[PDB]
Amino acid sequence: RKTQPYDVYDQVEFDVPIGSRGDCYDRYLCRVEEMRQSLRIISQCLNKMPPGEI
Amino acid sequence: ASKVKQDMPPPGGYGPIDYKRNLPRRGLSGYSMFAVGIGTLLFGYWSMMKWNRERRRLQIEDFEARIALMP
């Protein structure tokens, strides 16, 4: 979504969680933080919905 | 021929949505908890001391009754 965006992902702002140990705990922390970042993106999408055909 | 009506966000904007981690501190210091535990232990020790000495005296009394009754 950051390096090769496809739809409108270049018009939203969010962070990418990164781990440092490569174990299960770090991946769990990454997934929780990704849920938080997707909440952020959802807020931005709700505010910037344009009109027009579908 | 009325105006276009579509699902849209409200005038101005939607209220800000929280997303950051929120875990309050919500606790006493270690010193306070250790002090409370040690105080409880000391109070219990002193109460047990009194009760055990009283029980020893009661046992001595019962043993003396047995001694009186033995012959």
# chains A, B, ... in the order shown; residues from 1 in each chain; ligands from 1
>>> interface_residues(of="chain A", to="chain B", cutoff="8 Å", atoms="only C-alpha atoms", output="VMD selection string")
chain A and resid 36 to 37 39 to 40 43 46 to 51
>>> residues_around(residues="residue 18 (chain A)", least_positions_apart="4", cutoff="10 Å", atoms="only C-alpha atoms", output="list in words")
residues 22, 26, 27, 29, 30 and 33 of chain A
>>> atom_distance(atom1="CA of residue 11 (chain B)", atom2="CA of residue 42 (chain A)")
18.2 Å
>>> atom_distance(atom1="CA of residue 27 (chain B)", atom2="CA of residue 17 (chain A)")
29.0 Å
>>> select_by_dssp(residues="region 2-59 of chain B", states="helix (DSSP H, G or I)", output="ChimeraX atom specification")
/B:30-59
>>> residues_around(residues="residue 11 (chain A)", least_positions_apart="4", cutoff="12 Å", atoms="only C-alpha atoms", output="PyMOL selection string")
chain A and resi 1-2+5-7+41+44-45+48-49
